[PDB]
């Protein structure tokens, strides 16, 4: 039949996040379209190029699916050596343009900005109900382009909220440097708790499962704090504290790239995905229950909890801790974005990214746009 290699960056499955999303798209293609999928996880960064070269060399795969930005460097080198080997790069796009490479990029600014508004609002409500100061936050993985877009969008969204509302909610963003270190994710979060961070956006793959656990042990100590999921809806992991999730439809990327090949309509080039296409979004009722169903039938849903009970609890907390102004502002930005009235800039260098943040920290929001 048709044969696909899914080639992870760092972690592999068990994410609850980025890669498990990617596998889901591949798993759906195996069953619906009848293809053979092989997964594979390099044990080092050093070896990525050799491994990518050997799989192309093998002639066994109609498509090689590359899950993560870190594949961009090795692919730029390998792709031209095997021009009849088809590749899908997920969450990144190659510097040059090849016929044998379909890139799937997301516009993370779009969804993170919506999240920024929400977290600023939840932190505002925490402060208003408690009288103690509550910051927004994020525990991030590696310092790389997609996370630049998250960062920019998240800060944008917080400042937007602040300006539209006369609040001065602060935001603390920490790169941990790894996507596969839950323990480091937890210690990072525990430090942040003691610097007043109370709302925690997870932008670090597996790493921010530790973040989730840090916010649980805080809630257990009586402290009012909340987490925000990314990639999949992760509310099911602990719904009392995981109030919402930014969605990134990596599964649709992978599934679309595999379908295209199955129907001989593959073609090289960039495919950009944001709110307009369904590629990004926020976690709603059905999406929450869907992933909860998955974890239920996976036996990794926590004790004494069903998919239906998970939804009831999240909706309960969104009634309690997200004001209507939060939603009004979400909707007012979501619509300025879809309409084209707003479009973010994709930072070229690290130096450009760094100065967009200086400007957003200064309340100059227009720096992030065109």
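Positions refer to the first chain, counted from 1.
Chemist: Mean C-alpha B-factor higher for 88-96, or for 137-145?
Modeler: Comparing averages over the C-alpha atoms only gives 88-96.
Chemist: Read off the CA B-factors in the entry, average them over 208-216 and over 190-198, and name the higher stretch.
Modeler: Of 190-198 and 208-216, the stretch with the higher C-alpha B-factor average is 190-198.
Chemist: Please work out which residue in 38, 333, 63, 52 has the highest C-alpha B-factor recorded for this crystal structure.
Modeler: Among 38, 333, 63, 52, the highest C-alpha B-factor in the entry belongs to 333.
Chemist: By the recorded C-alpha temperature factor, relative to the other modelled residues in its chain, which third is residue 344 in?
Modeler: Highest third of the chain for residue 344's C-alpha B-factor.
Chemist: By its CA B factor, does residue 299 count among the lowest, middle or highest third of the modelled residues in the chain?
Modeler: CA B-factor rank for residue 299: highest third.
Chemist: What third of its chain's C-alpha B-factors does residue 287 belong to: lowest, middle or highest?
Modeler: Highest third.
Chemist: Going by the entry, which third of its chain does the Cα temperature factor of residue 272 land in?
Modeler: CA B-factor rank for residue 272: middle third.
Chemist: Report the third (lowest, middle or highest) to which the CA temperature factor of residue 233 belongs, ranking only the modelled residues of the same chain.
Modeler: For residue 233, whose C-alpha B-factor we compare with every modelled residue in the chain, the answer is the lowest third.
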